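Data block below; observations after.
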RNA sequence: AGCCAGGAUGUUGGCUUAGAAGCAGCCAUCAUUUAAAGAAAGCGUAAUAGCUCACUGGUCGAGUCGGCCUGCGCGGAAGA
RNA sequence: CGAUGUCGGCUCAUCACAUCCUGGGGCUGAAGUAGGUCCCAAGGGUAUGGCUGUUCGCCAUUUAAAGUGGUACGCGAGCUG
């Protein structure tokens, strides 16, 4: 409700473009439409991004406010990127970049690799760290943790990829 | 805002102090360390006693409630932290230039002098009232052409204090 | 069990004065923590199938590293009861365990002042108690302190102003035996720990302080 | 207040104390020198009555300055140094041991004025009351 | 975790949640608090 | 609701003790300042010192927080 | 009751899932080793001998596992007696 009726406002560098329920969003480097809109009659004007429930839906401000939050996320996306500091730590571990494939080293016999779908790239300030950079705010962090997914860090020394900084459980029971 | 009586006694504090106001003074704040108040609580504490006093809860929908002068040189009170500070008799302008001369730390500042009760001015220098309350600019620089009555004080200090 | 534990375990003339095993930890000079669990009291010729059902409850006794054994001092029944107890001990294994007799109830007898009573250097010792007074305890614990260990090569540790961490570890785990600060922050100490400590310590800490191994 | 590292006020006793408890791992926890500081401290044991326990606020730079800053001994400490009790009650206010006259407390606000938010000396002395009662020492004028 | 037919909560950080038809609930005090299918 | 900032002086309360002090305890836990801040709600330290709310100013601009009653629904709910 | 043959074994399977392993996960008093529970799972697979009519139970040695129970206490117009 709140933000759901809060206008989005379109920044001048960014170029919003309504087309049916969806809205193409050309921008500083982004240019897409995560959004799809079942119900809310969202609409452009000066920059004015209309919302409020259209017919009857009950999903009204739910979906609508969701839509704002999306495109509003999206336009900020077509500005620039997001999720970062996808760190890994503990002895013997390391990581690397190439092309779009990402190296990782986790005590496994087979080397750890997965290749990014585009719209995002990465870097290696160290093998200890992979920094990410993606045009659209969802997929970047999702896949980022999906990059973490191969090794949810272990409680007893924190080994395992740790998504962002993220203090975790740290017990010391049944040791020596 | 708070409970009724609290706001009420607050406004009473404002007005009864308005009649008390030997010289109002205003300062926007931000970092808000406790030492702030304590510093003034020594500025208004035993270093020279009470003769200035601190208040918060300060709004455009609060501060104007407090004076017949109302928002005049007082509308400035409201936004952000406002440890609004009125000086008290025996202090015609003591602790009014002190703010900007102890100024450094984004707090304790004259804001180009913001007295209401008397100065009726803002964002214009009003060190004049501080520039009064004095003898040395009256007794030596003008060779006693100010301490010898308003009549020569009128005839001097056109270059010193708008008279 | 009461006095040693400062815990709530009721006692009265009646048989079955206790039921249910009961855990509470206690101090010891050489392992600090020390788990306790009271067993039900015995009789002559306790039922067969009882035990067979009762192996669960005594399943704690088996593993138990030491069979402390209180005995009465008022009854002429003395010998017999031991012979009574030995009986069931046989059938439930672990009568191979080292034991420690306590001729409890010294009050009535004024048998002796409570004392150490090295049966030998081995110590399956008699111990001089009257538990309701429990006056005999310190000898019980001390004798015990002799009876369970395996590394008393003590060391006199020391450091220069870098010991807050030492005092740390020592209070943290077991004990400094003695804390004596001395000149320019050089500080000497004495400590006695079981060896697993010695290596967890020698590993984790730089231990170039090297008095402990 | 707060409890993980920052600047180190240290409740140092006057006179020598080079080993651990005030300046060892205590003050060595910022890598601070023992000597010259204790010399700086011992040089300041002159004015403060000798042997008196006393908090000190260290100045440190990037290099961790040797500069010390003197503080008044605490009012409760002033009381324990007044009534002369070796040992405060285990239930202060409830348990008690002796008493102390207010004039002492007046002298106390007189020196603790350096550490009072109170807008008045009486309020200060009353913060000295907030420790006075609080030690279990009986309060009187 | 458990499937305690009664659910309630186990800290102050605990919070009831719907997921699917199922009534989940979680904390973060310790995860073990995870009641569900109540 | 989120957001801007403050979080105070007695006083690391006395006792405990290597060390306890908002957070080993113990019992006291006041007095102060202020809109504001508990000798304390959680983390932390060997301990010392960080870290967050309770407290409040500001912010922002309409509603907001609950218990009670009550229809109809979910969870509980596995068989040859 | 103008008749429905009854225990155990022996050929033979059939389902359930209230899980014996293997399969997938939650927590753990989950160092790892391992477990314990819980959830999900029915695809398949899941001890010969000693003793006794035995089912059992006990015992010796195994295997990953020696799961439960239903089915005229599945199975005598198939035998066994």
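State all residues of region B:28-40 that are within 14 Å of another protein chain (Cβ to nearest Cβ), crowded, with 18+ Cβ neighbours inside 10 Å and either under 15 Å from the mean Cα position of the chain (by Cα) or not in a helix (DSSP H, G or I) (or both); if no residue qualifies, say none.
B:40
Quick one: which residue in D:6, D:40 is more than 14 Å from every other protein chain (Cβ to nearest Cβ) and in a helix (DSSP H, G or I)? Even if it seems obvious, please write down each step before you answer.
Details: D:6 fails: in a helix (DSSP H, G or I).
Selected residue: D:40, the only one of D:6, D:40 that is more than 14 Å from every other protein chain (Cβ to nearest Cβ) and in a helix (DSSP H, G or I).
Residues that are in contact (Cβ under 8 Å) with a residue 40 or more places away in the chain: which helices (runs of 4 or more DSSP H) entirely in region C:64-167 hold 1 or more of them? It would help to see each step written out before you state the result.
Working: elements: C:78-91, C:106-109, C:137-147.
Counting at least 1 such residues, we get C:78-91, C:137-147.
Consider region D:66-76. How many of its residues are buried (at least 18 other Cβ atoms within 10 Å of the Cβ) and either within 6 Å of RNA strand F (Cβ to nearest atom) or closer than 16 Å to residue D:51 by Cα (or both)?
4
For region D:89-102, state whether one or more residues are touching a helix residue (DSSP H, G or I) at 6+ places or on another chain (Cβ under 6 Å), in a loop (DSSP other than H, G, I, E, B), away from chain C (no Cβ under 14 Å) and within 29 Å of residue B:34 (Cβ to Cβ).
Yes: one or more hits.
Being assigned to a loop (DSSP other than H, G, I, E, B) and either assigned by CATH to the domain that holds residue D:55 or free of Cβ contacts under 8 Å to residues at least 24 places away in the same chain (or both) is the filter here; which residues of region D:111-136 pass it?
Passing the criteria: D:116, D:117, D:118, D:119, D:120.
Given the conditions (1) more than 14 Å from chain C (Cβ to nearest Cβ); (2) in contact (Cβ under 8 Å) with a residue 12 or more places away in the chain; (3) within 16 Å of RNA strand F (Cβ to nearest atom), and given that residue A:166 satisfies all but one, which numbered condition is not satisfied?
Tallying (1) more than 14 Å from chain C (Cβ to nearest Cβ); (2) in contact (Cβ under 8 Å) with a residue 12 or more places away in the chain; (3) within 16 Å of RNA strand F (Cβ to nearest atom), residue A:166 fails exactly one: (2).
List, please: which pairs have Cβ atoms under 9 Å, are six or more places apart or on different chains, and start with a residue in region E:1-29 that is closer than 22 Å to residue A:170 by Cβ and end with one that is outside any loop (DSSP other than H, G, I, E, B) and near RNA strand F (Cβ under 10 Å from one of its atoms)?
From region E:1-29, the pairs are E:1/E:36; E:26/E:36.
Please go through region B:15-27 and pick out each residue that is closer than 30 Å to residue D:113 by Cβ and either within 11 Å of another protein chain (Cβ to nearest Cβ) or touching a residue at least 24 places away in the same chain (Cβ under 8 Å) (or both).
Of the residues in region B:15-27, the ones closer than 30 Å to residue D:113 by Cβ are B:16-17, B:20-27.
Scanning region B:15-27 gives B:17, B:20, B:21, B:22, B:23, B:24, B:25, B:26, B:27.
Of all residues in region A:141-156, how many are away from RNA strand F (no atom under 15 Å from the Cβ) and not in a helix (DSSP H, G or I)?
First pass over region A:141-156, keeping only residues away from RNA strand F (no atom under 15 Å from the Cβ): A:141-154, A:156.
Subsequent filtering for residues that are not in a helix (DSSP H, G or I) retains A:149-154, A:156.
Total meeting the criteria: 7.
Sort out which residues of region C:160-174 are surrounded by 15 or more Cβ atoms within 10 Å (Cβ to Cβ) and either within 21 Å of the chain's Cα centre (by Cα) or more than 9 Å from chain D (Cβ to nearest Cβ) (or both), and write them in order of number.
Selection gives C:169, C:170, C:174.
Has region B:92-99 got any residue that is within 14 Å of chain D (Cβ to nearest Cβ) and more than 16 Å from RNA strand G (Cβ to nearest atom)?
Of all residues in region B:92-99, those within 14 Å of chain D (Cβ to nearest Cβ) come to none.
No; the residues of region B:92-99 include none that is within 14 Å of chain D (Cβ to nearest Cβ) and more than 16 Å from RNA strand G (Cβ to nearest atom).
Can you tell me which of (1) buried (at least 17 other Cβ atoms within 10 Å of the Cβ); (2) under 24 Å from the mean Cα position of the chain (by Cα); (3) without any contact (Cβ under 8 Å) to a residue 40 or more places away in the chain is the one residue A:36 doesn't meet?
Of everything listed in (1) buried (at least 17 other Cβ atoms within 10 Å of the Cβ); (2) under 24 Å from the mean Cα position of the chain (by Cα); (3) without any contact (Cβ under 8 Å) to a residue 40 or more places away in the chain, residue A:36 misses just condition (1).
Just checking, which of D:21, D:25 is in contact with a strand residue (DSSP E or B) (Cβ under 8 Å, 6 or more places away or on another chain), within 14 Å of chain C (Cβ to nearest Cβ) and under 12 Å from residue C:162 (Cα atoms)? Quick ask: steps written out before the conclusion?
Details: D:25 fails: in contact with a strand residue (DSSP E or B) (Cβ under 8 Å, 6 or more places away or on another chain).
Sole residue among the options that is in contact with a strand residue (DSSP E or B) (Cβ under 8 Å, 6 or more places away or on another chain), within 14 Å of chain C (Cβ to nearest Cβ) and under 12 Å from residue C:162 (Cα atoms): D:21.
Mind telling me which of the residues D:48, D:108, D:54 ends up being within 20 Å of residue D:15 (Cβ to Cβ) and not in a loop (DSSP other than H, G, I, E, B)?
Working: D:48 fails: not in a loop (DSSP other than H, G, I, E, B); D:108 fails: within 20 Å of residue D:15 (Cβ to Cβ).
None of the others qualify; the one that does is D:54.
Among the residues of region C:18-40, write down those that are surrounded by 13 or more Cβ atoms within 10 Å (Cβ to Cβ) and farther than 30 Å from residue C:154 by Cβ. Break it down into steps so the answer makes sense when it comes.
In the first step, residues of region C:18-40 are kept if they are surrounded by 13 or more Cβ atoms within 10 Å (Cβ to Cβ); the result is C:18, C:21-22, C:24, C:26, C:28-32, C:34, C:36-40.
Hits for region C:18-40 are C:18, C:21, C:22, C:37, C:38, C:39, C:40.
Quick check on region C:145-156. Is at least one of its residues within 14 Å of chain D (Cβ to nearest Cβ) and farther than 30 Å from residue C:70 by Cβ?
Taking region C:145-156 and keeping what is within 14 Å of chain D (Cβ to nearest Cβ), we get none.
Taking every residue of region C:145-156 in turn, none turns out to be within 14 Å of chain D (Cβ to nearest Cβ) and farther than 30 Å from residue C:70 by Cβ.
Does residue C:177 qualify as being part of a strand (DSSP E or B) and under 20 Å from the mean Cα position of the chain (by Cα)?
For residue C:177, the condition - part of a strand (DSSP E or B) and under 20 Å from the mean Cα position of the chain (by Cα) - is met.
Among the residues of region B:14-35, count how many are more than 6 Å from RNA strand F (Cβ to nearest atom) and touching a strand residue (DSSP E or B) at 6+ places or on another chain (Cβ under 7 Å).
Total meeting the criteria: 10.
Scanning for something in a loop (DSSP other than H, G, I, E, B), closer than 16 Å to residue B:133 by Cβ and touching a residue at least 60 places away in the same chain (Cβ under 8 Å), does region B:51-67 turn up at least one residue? It would help to see each step written out before you state the result.
As a first pass, look at region B:51-67 and keep what is in a loop (DSSP other than H, G, I, E, B): B:51, B:56-62, B:67.
From the residues that got through so far, the ones that are closer than 16 Å to residue B:133 by Cβ too are B:51.
Imposing the further condition that a residue be touching a residue at least 60 places away in the same chain (Cβ under 8 Å) reduces the set to none.
So far as region B:51-67 goes, no, none of its residues is in a loop (DSSP other than H, G, I, E, B), closer than 16 Å to residue B:133 by Cβ and touching a residue at least 60 places away in the same chain (Cβ under 8 Å).
Can you report the number of residues in region C:180-204 which are outside any helix (DSSP H, G or I) and within 14 Å of chain D (Cβ to nearest Cβ)? Let's see the steps before the verdict.
The initial filter retains those residues of region C:180-204 that are outside any helix (DSSP H, G or I), namely C:180-182, C:186-194.
So of that shortlist, the ones also within 14 Å of chain D (Cβ to nearest Cβ) come out as C:180-182, C:186-189.
Of the residues in region C:180-204, 7 are outside any helix (DSSP H, G or I) and within 14 Å of chain D (Cβ to nearest Cβ).
For residue B:92, state whether it is over 19 Å from residue B:8 (Cα atoms) and either in a loop (DSSP other than H, G, I, E, B) or within 11 Å of the chain's Cα centre (by Cα) (or both).
Working: over 19 Å from residue B:8 (Cα atoms): yes; either in a loop (DSSP other than H, G, I, E, B) or within 11 Å of the chain's Cα centre (by Cα) (or both): yes.
In short, yes.
Numbers and lists here come from the model and the stated rules, or from a named source; these are not laboratory values. Cβ sites come from the backbone with ideal geometry, for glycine too, and all protein chains shown count toward neighbours.
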